[PDB]
file final.cif (mmCIF, C-alpha atoms)
data_upload
#
loop_
_atom_site.label_atom_id
_atom_site.label_comp_id
_atom_site.auth_asym_id
_atom_site.auth_seq_id
_atom_site.Cartn_x
_atom_site.Cartn_y
_atom_site.Cartn_z
CA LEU D 7 0.00 0.00 0.00
CA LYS D 8 3.07 2.21 0.44
CA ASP D 9 6.49 2.23 -1.18
CA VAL D 10 9.33 1.16 1.09
CA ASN D 11 11.81 3.49 -0.65
CA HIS D 12 11.22 6.89 0.95
CA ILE D 13 13.74 8.69 -1.29
CA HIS D 14 11.39 10.58 -3.60
CA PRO D 15 10.83 14.23 -4.52
CA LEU D 16 8.63 15.82 -1.90
CA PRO D 17 5.08 16.02 -3.32
CA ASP D 18 3.80 19.58 -3.76
CA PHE D 19 6.82 21.09 -1.99
CA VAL D 20 6.00 24.66 -3.06
CA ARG D 21 2.45 24.94 -1.71
CA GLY D 22 3.76 23.73 1.62
CA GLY D 23 5.27 26.48 3.71
CA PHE D 24 2.82 28.86 2.09
CA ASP D 25 0.37 26.90 4.25
CA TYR D 26 2.22 28.38 7.24
CA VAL D 27 1.17 31.96 6.46
CA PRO D 28 -0.82 32.55 9.67
CA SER D 29 -4.27 33.86 8.73
CA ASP D 30 -4.09 34.93 5.07
CA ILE D 31 -2.80 38.28 6.35
CA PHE D 32 -0.40 38.66 3.42
CA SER D 33 -2.20 36.49 0.87
CA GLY D 34 -3.51 38.50 -2.05
CA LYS D 35 -0.91 41.24 -1.65
CA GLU D 36 1.21 40.06 -4.63
CA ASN D 37 4.29 41.73 -3.12
CA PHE D 38 5.21 39.37 -0.27
CA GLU D 39 4.22 36.24 -2.19
CA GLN D 40 6.69 36.82 -5.01
CA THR D 41 9.52 37.44 -2.56
CA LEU D 42 8.72 34.22 -0.70
CA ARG D 43 8.10 32.21 -3.88
CA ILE D 44 11.41 33.27 -5.41
CA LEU D 45 13.33 32.02 -2.38
CA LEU D 46 11.39 28.78 -1.89
CA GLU D 47 11.53 27.77 -5.56
CA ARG D 48 15.33 27.71 -5.29
CA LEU D 49 15.06 24.84 -2.81
CA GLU D 50 12.91 23.03 -5.38
CA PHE D 51 15.90 22.61 -7.68
CA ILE D 52 18.19 21.47 -4.86
CA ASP D 53 15.51 19.14 -3.50
CA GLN D 54 15.10 17.56 -6.93
CA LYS D 55 18.83 16.97 -7.46
CA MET D 56 19.10 15.27 -4.06
CA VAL D 57 17.45 12.23 -5.65
CA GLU D 58 19.63 11.88 -8.75
CA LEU D 59 22.66 12.09 -6.47
CA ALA D 60 21.36 8.79 -5.06
CA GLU D 61 19.28 7.42 -7.94
CA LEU D 62 21.93 7.81 -10.63
CA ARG D 63 24.68 6.20 -8.54
CA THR D 64 22.98 2.79 -8.72
CA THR D 65 24.61 0.32 -11.10
CA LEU D 66 21.41 -0.10 -13.12
CA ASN D 67 21.30 3.53 -14.27
CA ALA D 68 24.90 4.67 -13.67
CA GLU D 69 26.34 6.44 -16.70
CA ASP D 70 29.73 5.43 -18.10
CA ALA D 71 31.43 8.53 -16.66
CA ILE D 72 30.80 7.20 -13.14
CA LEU D 73 30.05 3.52 -13.84
CA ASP D 74 33.83 3.16 -14.09
CA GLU D 75 34.02 4.13 -10.42
CA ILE D 76 31.60 1.33 -9.51
CA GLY D 77 33.58 -1.14 -11.61
CA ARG D 78 36.87 0.10 -10.18
CA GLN D 79 35.84 -0.85 -6.65
CA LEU D 80 35.12 -4.38 -7.90
CA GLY D 81 38.28 -4.73 -9.99
CA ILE D 82 36.36 -4.91 -13.30
CA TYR D 83 38.17 -2.44 -15.53
CA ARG D 84 36.64 -0.99 -18.69
CA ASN D 85 39.38 -2.25 -21.04
CA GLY D 86 37.80 -1.77 -24.49
CA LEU D 87 34.18 -2.37 -23.50
CA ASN D 88 31.46 0.15 -24.32
CA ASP D 89 28.74 1.36 -21.99
CA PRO D 90 25.82 -0.95 -22.92
CA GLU D 91 27.83 -4.16 -22.49
CA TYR D 92 30.16 -2.87 -19.77
CA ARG D 93 27.05 -2.93 -17.60
CA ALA D 94 26.48 -6.57 -18.56
CA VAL D 95 29.97 -7.79 -17.65
CA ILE D 96 29.72 -6.08 -14.26
CA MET D 97 26.49 -7.97 -13.55
CA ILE D 98 27.84 -11.28 -14.86
CA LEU D 99 31.06 -11.31 -12.84
CA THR D 100 29.33 -10.18 -9.64
CA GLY D 101 26.66 -12.84 -10.02
CA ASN D 102 29.32 -15.52 -10.42
CA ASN D 103 30.23 -15.37 -6.71
CA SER D 104 27.17 -17.41 -5.65
CA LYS D 105 27.06 -20.00 -8.43
CA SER D 106 27.77 -23.69 -8.94
CA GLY D 107 27.63 -24.10 -12.74
CA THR D 108 24.65 -26.45 -12.81
CA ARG D 109 22.50 -26.89 -15.90
CA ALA D 110 19.59 -25.07 -14.27
CA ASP D 111 21.98 -22.43 -12.95
CA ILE D 112 23.66 -21.76 -16.30
CA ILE D 113 20.30 -21.17 -17.98
CA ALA D 114 19.47 -18.53 -15.37
CA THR D 115 22.56 -16.40 -16.04
CA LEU D 116 22.13 -16.56 -19.82
CA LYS D 117 18.49 -15.59 -19.28
CA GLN D 118 19.40 -11.98 -18.43
CA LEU D 119 21.33 -11.47 -21.69
CA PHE D 120 18.99 -12.88 -24.36
CA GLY D 121 15.41 -12.51 -23.14
CA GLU D 122 13.18 -15.50 -22.46
CA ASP D 123 13.43 -17.55 -25.66
CA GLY D 124 16.71 -16.20 -27.03
CA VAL D 125 18.94 -18.98 -25.68
CA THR D 126 19.00 -22.78 -25.53
CA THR D 127 21.60 -25.32 -24.41
CA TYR D 128 22.35 -28.81 -25.72
CA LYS D 129 24.31 -31.34 -23.67
CA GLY D 130 26.70 -34.09 -24.71
CA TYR D 131 27.98 -37.37 -23.28
CA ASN D 132 31.71 -36.62 -22.95
CA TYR D 133 31.75 -33.21 -21.25
CA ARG D 134 30.31 -31.58 -24.38
CA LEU D 135 28.06 -28.56 -23.90
CA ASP D 136 26.55 -26.26 -26.52
CA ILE D 137 25.14 -22.72 -26.36
CA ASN D 138 22.63 -21.36 -28.88
CA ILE D 139 21.72 -17.68 -29.28
CA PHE D 140 18.65 -16.37 -31.12
CA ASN D 141 18.05 -12.74 -30.08
CA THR D 142 21.41 -11.20 -29.18
CA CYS D 143 21.24 -7.45 -28.56
CA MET D 144 24.99 -6.91 -28.04
CA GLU D 145 28.19 -8.03 -29.73
CA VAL D 146 29.21 -11.33 -28.17
CA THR D 147 32.95 -11.69 -28.80
CA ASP D 148 33.82 -9.21 -26.05
CA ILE D 149 31.37 -10.89 -23.65
CA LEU D 150 32.71 -14.35 -24.49
CA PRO D 151 35.58 -14.46 -21.94
CA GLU D 152 33.14 -14.32 -19.02
CA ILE D 153 30.81 -16.93 -20.55
CA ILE D 154 33.65 -19.41 -20.04
CA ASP D 155 34.32 -18.46 -16.43
CA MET D 156 31.03 -19.67 -14.90
CA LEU D 157 31.39 -23.21 -16.29
CA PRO D 158 32.86 -26.31 -14.61
CA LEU D 159 36.62 -26.79 -14.64
CA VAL D 160 36.43 -29.40 -17.43
CA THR D 161 33.69 -28.12 -19.74
CA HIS D 162 33.96 -28.53 -23.51
CA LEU D 163 32.04 -25.69 -25.12
CA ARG D 164 30.75 -24.64 -28.52
CA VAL D 165 29.23 -21.23 -29.26
CA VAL D 166 26.90 -20.53 -32.19
CA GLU D 167 24.89 -17.35 -32.67
CA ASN D 168 22.11 -16.58 -35.13
CA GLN D 169 19.10 -14.27 -35.45
CA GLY D 170 15.79 -16.03 -34.86
CA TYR D 171 15.26 -19.79 -34.88
CA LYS K 3 45.88 -32.10 -54.43
CA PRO K 4 43.48 -30.44 -51.95
CA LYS K 5 45.41 -29.60 -48.82
CA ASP K 6 43.23 -31.40 -46.24
CA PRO K 7 43.24 -35.16 -45.56
CA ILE K 8 39.87 -36.73 -46.28
CA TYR K 9 37.89 -36.94 -43.03
CA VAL K 10 35.06 -39.48 -42.94
CA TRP K 11 31.95 -37.89 -41.48
CA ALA K 12 30.42 -39.74 -38.52
CA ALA K 13 33.04 -42.46 -38.87
CA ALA K 14 32.27 -43.96 -35.47
CA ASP K 15 28.90 -45.58 -34.76
CA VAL K 16 27.39 -44.88 -31.34
CA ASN K 17 24.17 -43.96 -29.55
CA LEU K 18 23.39 -40.27 -29.18
CA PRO K 19 21.92 -39.05 -25.87
CA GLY K 20 19.48 -36.82 -27.73
CA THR K 21 17.95 -39.62 -29.79
CA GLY K 22 19.20 -42.73 -28.03
CA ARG K 23 19.56 -44.28 -31.49
CA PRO K 24 22.57 -45.18 -33.65
CA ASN K 25 24.16 -42.07 -35.10
CA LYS K 26 23.49 -43.29 -38.66
CA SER K 27 20.32 -44.76 -40.16
CA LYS K 28 19.49 -45.59 -43.76
CA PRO K 29 16.93 -43.21 -45.30
CA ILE K 30 13.86 -44.99 -46.65
CA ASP K 31 14.24 -45.60 -50.38
CA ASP K 32 11.23 -43.37 -51.06
CA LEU K 33 13.23 -40.42 -49.77
CA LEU K 34 16.36 -41.54 -51.63
CA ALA K 35 14.46 -41.43 -54.92
CA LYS K 36 12.54 -38.29 -54.01
CA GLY K 37 14.51 -36.01 -51.69
CA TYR K 38 13.31 -33.21 -49.44
CA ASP K 39 10.74 -30.45 -49.95
CA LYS K 40 10.12 -27.03 -48.43
CA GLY K 41 8.81 -27.42 -44.90
CA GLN K 42 10.70 -30.64 -44.23
CA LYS K 43 13.52 -30.55 -41.69
CA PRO K 44 15.99 -33.45 -41.86
CA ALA K 45 16.40 -36.06 -39.18
CA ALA K 46 19.96 -36.20 -37.87
CA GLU K 47 20.38 -39.91 -38.63
CA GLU K 48 19.76 -39.59 -42.37
CA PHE K 49 21.99 -36.52 -42.63
CA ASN K 50 24.84 -38.33 -40.88
CA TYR K 51 24.32 -41.46 -42.98
CA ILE K 52 24.44 -39.56 -46.27
CA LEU K 53 27.55 -37.60 -45.33
CA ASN K 54 29.28 -40.75 -44.07
CA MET K 55 28.45 -42.44 -47.38
CA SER K 56 29.85 -39.65 -49.52
CA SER K 57 33.00 -39.24 -47.39
CA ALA K 58 33.89 -42.87 -46.67
CA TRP K 59 33.59 -43.88 -50.31
CA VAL K 60 35.85 -41.04 -51.47
CA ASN K 61 38.32 -42.09 -48.77
CA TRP K 62 38.20 -45.66 -50.07
CA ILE K 63 38.74 -44.54 -53.66
CA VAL K 64 41.69 -42.32 -52.79
CA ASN K 65 43.52 -44.45 -50.23
CA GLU K 66 42.74 -48.09 -51.14
CA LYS K 67 41.73 -48.57 -54.77
CA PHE K 68 44.37 -46.39 -56.42
CA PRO K 69 47.42 -47.26 -54.27
CA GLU K 70 46.42 -50.82 -55.17
CA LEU K 71 45.98 -50.05 -58.87
CA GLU K 72 49.30 -48.29 -59.50
CA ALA K 73 51.10 -51.13 -57.71
CA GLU K 74 49.21 -53.72 -59.76
CA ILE K 75 49.94 -52.06 -63.11
CA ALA K 76 53.61 -51.63 -62.20
CA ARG K 77 53.85 -55.29 -61.18
CA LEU K 78 52.13 -56.37 -64.40
CA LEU K 79 54.61 -54.41 -66.52
CA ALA K 80 57.52 -55.76 -64.49
CA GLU K 81 56.34 -59.35 -64.89
CA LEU K 82 55.83 -59.00 -68.65
CA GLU K 83 59.32 -57.52 -68.95
CA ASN K 84 60.69 -60.37 -66.85
CA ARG K 85 59.04 -63.02 -69.03
CA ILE K 86 60.42 -61.40 -72.17
CA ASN K 87 63.80 -61.35 -70.41
CA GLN K 88 63.79 -65.13 -69.91
CA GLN K 89 62.67 -65.48 -73.53
CA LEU K 90 65.61 -63.36 -74.72
CA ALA K 91 68.12 -65.08 -72.43
CA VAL K 92 68.07 -68.19 -74.62
#
call {"tool": "encode", "arguments": {"input": "final.cif", "output": "structure tokens"}}
result
Amino acid sequence: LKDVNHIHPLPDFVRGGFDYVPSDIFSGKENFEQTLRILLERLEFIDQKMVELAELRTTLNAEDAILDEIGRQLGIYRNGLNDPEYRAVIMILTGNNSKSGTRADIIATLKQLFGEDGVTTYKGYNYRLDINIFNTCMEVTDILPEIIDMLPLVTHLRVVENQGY
Amino acid sequence: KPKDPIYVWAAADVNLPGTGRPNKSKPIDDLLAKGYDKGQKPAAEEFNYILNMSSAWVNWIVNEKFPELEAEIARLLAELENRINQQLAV
């Protein structure tokens, strides 16, 4: 019924405070109101930017200019990656820390990179595993090094990518 | 002449986990005469069988029949020359 995240712009900030004019003594004088409005409306701008200072620092929306700072703390350097996929690698490596490389587990990680039906996985008798891609939205060669990391120590892997079925 | 040794497709015969069947099966003669049509999607067994056919027989031709045939023709010529040599000796 209520949002748990209380960090939001204050609703109707301006009309508040004006509500503290005692008994409409000054209201309708058009000389005191403008002086008060001009000062209060400055806080509006500062109040608004208080959110982006917290909202924009999250990894989901962080821009490349500062996303590097988030990656730097985790040891994931930009190298030659671009912004749209640099976000992906950060998620992939971080998610690897609570993984076991099971068949059900592997499907889950690939799920975040290719939608619901964009990926499928065949399995083979002698350590063979196969990955199929149908709806890639980013160039895969640069993402490939991580795709190896979350697999068992002895996996034998093939990678094939195509658009659609 | 071509710079790759002939590799026989699906040389080994085994069961595949996906099908559980032998990796190669003979297509029904109806299909052999006819072939595929738009909408059909091949079964793996027939594909493997056809490729194994076309590769194994080329391998046989290149590595068994000819190396046999040059040796045989050379031996035939040598034996005819030998016979004529005994004939001349007298």
call {"tool": "closest_atom_pairs", "arguments": {"input": "final.cif", "of": "chain K", "to": "chain D", "cutoff": "10 Å", "atoms": "all atoms listed in the file", "output": "Markdown table"}}
result
| residue | atom | partner | partner_atom | distance |
| --- | --- | --- | --- | --- |
| K:17 | CA | D:131 | CA | 9.9 |
| K:18 | CA | D:131 | CA | 8.0 |
| K:19 | CA | D:131 | CA | 6.8 |
| K:20 | CA | D:130 | CA | 8.3 |
call {"tool": "residues_around", "arguments": {"input": "final.cif", "residues": "residue 99 (chain D)", "least_positions_apart": "3", "cutoff": "10 Å", "atoms": "only C-alpha atoms", "output": "ChimeraX atom specification"}}
result
/D:80,82,94-96,102-103,152-153,155-156
call {"tool": "write_last_selection", "arguments": {"input": "final.cif", "atoms": "C-alpha atoms", "output": "PDB file, in the frame of the given file"}}
result
ATOM      1  CA  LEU D  80      35.120  -4.380  -7.900  1.00  0.00           C
ATOM      2  CA  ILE D  82      36.360  -4.910 -13.300  1.00  0.00           C
ATOM      3  CA  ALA D  94      26.480  -6.570 -18.560  1.00  0.00           C
ATOM      4  CA  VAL D  95      29.970  -7.790 -17.650  1.00  0.00           C
ATOM      5  CA  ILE D  96      29.720  -6.080 -14.260  1.00  0.00           C
ATOM      6  CA  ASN D 102      29.320 -15.520 -10.420  1.00  0.00           C
ATOM      7  CA  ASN D 103      30.230 -15.370  -6.710  1.00  0.00           C
ATOM      8  CA  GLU D 152      33.140 -14.320 -19.020  1.00  0.00           C
ATOM      9  CA  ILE D 153      30.810 -16.930 -20.550  1.00  0.00           C
ATOM     10  CA  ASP D 155      34.320 -18.460 -16.430  1.00  0.00           C
ATOM     11  CA  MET D 156      31.030 -19.670 -14.900  1.00  0.00           C
TER      12      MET D 156
END
call {"tool": "resolve_selection", "arguments": {"input": "final.cif", "expression": "the PyMOL selection byres ((chain D and resi 142) around 8)", "output": "count of residues only"}}
result
12
call {"tool": "resolve_selection", "arguments": {"input": "final.cif", "expression": "the PyMOL selection byres ((chain K and resi 45) around 12)", "output": "number ranges by chain"}}
result
K: 20-21, 23, 25-30, 33, 38, 42-44, 46-52
call {"tool": "residues_around", "arguments": {"input": "final.cif", "residues": "residue 89 (chain D)", "least_positions_apart": "6", "cutoff": "9 Å", "atoms": "only C-alpha atoms", "output": "ChimeraX atom specification"}}
result
/D:69-70,73
call {"tool": "atom_distance", "arguments": {"input": "final.cif", "atom1": "CA of residue 55 (chain K)", "atom2": "CA of residue 11 (chain K)"}}
result
8.2 Å
call {"tool": "closest_residue", "arguments": {"input": "final.cif", "among": "D:112, D:16, D:10, D:166", "to": "residue 55 (chain D)", "atoms": "only C-alpha atoms"}}
result
D:16
call {"tool": "atom_distance", "arguments": {"input": "final.cif", "atom1": "CA of residue 86 (chain D)", "atom2": "CA of residue 168 (chain D)"}}
result
24.1 Å
call {"tool": "axis_aligned_box", "arguments": {"input": "final.cif", "around": "region 20-29 of chain K", "padding_each_side": "6 Å", "output": "lines of an AutoDock Vina configuration file"}}
result
center_x = 20.5
center_y = -41.2
center_z = -36.5
size_x = 19.2
size_y = 20.8
size_z = 29.6
call {"tool": "resolve_selection", "arguments": {"input": "final.cif", "expression": "the PyMOL selection byres ((chain K and resi 8) around 12)", "output": "list in words"}}
result
residues 3, 4, 5, 6, 7, 9, 10, 11, 13, 54, 56, 57, 58, 59, 60, 61, 62, 63, 64 and 65 of chain K
call {"tool": "atom_distance", "arguments": {"input": "final.cif", "atom1": "CA of residue 61 (chain D)", "atom2": "CA of residue 24 (chain D)"}}
result
28.8 Å
call {"tool": "closest_residue", "arguments": {"input": "final.cif", "among": "D:163, D:157, D:116, D:110", "to": "residue 132 (chain D)", "atoms": "only C-alpha atoms"}}
result
D:163
